[PDB]
Amino acid sequence: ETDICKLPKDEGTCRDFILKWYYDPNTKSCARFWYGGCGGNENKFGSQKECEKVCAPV
């Protein structure tokens, strides 16, 4: 959708690890990643369902 969905996965830094989801434009679907708590970007969602609503083509 918006160009935020095309941003790269960014695991960031810091050690407050939380599992997040990001949209992968190459597979047209969201996948999980571990975010460290600092230095990420906006292609980062708390659930697969939210990532898919905001980002996926259908």
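Residues numbered from 1 in each chain as written, not as in the entry; some residues may be left out. Heavy atoms only, no water. Residues with missing side-chain atoms left out of burial classes, pairs and counts.

By the method listed in its record, X-ray crystallography, this PDB entry was determined to a resolution of 1.20 Å.

A. Broad picture of the pairing of strand β2 (residues 29-35). Bridge count between strand β1 (residues 18-24) and β2: seven bridges; the pairing is antiparallel. Within β2, the residue paired with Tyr23 across the bridge is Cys30. Here β1 folds back onto β2, and the loop between the two strands holds four residues, one of which, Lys28, carries a positive phi near 60 degrees. (Pairing = 2+ DSSP bridges. Helix = DSSP H or I, 4+ residues; strand = E, 2+ residues; numbered from the N terminus.)

B. Looking closely at the state of the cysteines. Counted according to the given criterion, the structure contains three disulfides. Linked covalently through their sulfurs, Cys5 and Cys55 form a disulfide whose S-S length is 2.0 Å. The chirality of the disulfide connecting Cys5 with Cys55 is left-handed, given an S-S dihedral of about -80 degrees. Taken together, the positions of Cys5 in the segment before β1 and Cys55 in helix α1 (residues 48-55) put the pair 50 residues apart, joining distant regions of the chain. Its relative accessible area of 1% is what places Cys5 among the buried residues. Owing to a relative accessible area of 3%, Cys55 belongs among the buried residues under this scheme. Covalent S-S linkage joins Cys14 and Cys38, the inter-sulfur distance amounting to 2.0 Å. The chirality of the disulfide connecting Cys14 with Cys38 is left-handed, given an S-S dihedral of about -90 degrees. Taken together, the positions of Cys14 in the segment before β1 and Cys38 in the loop between β2 and α1 put the pair 24 residues apart, joining distant regions of the chain. (Disulfide = S-S within 2.5 Å. Buried < 20%, exposed > 50% of the residue type's maximum accessible area, 1.4 Å probe, protein only.)

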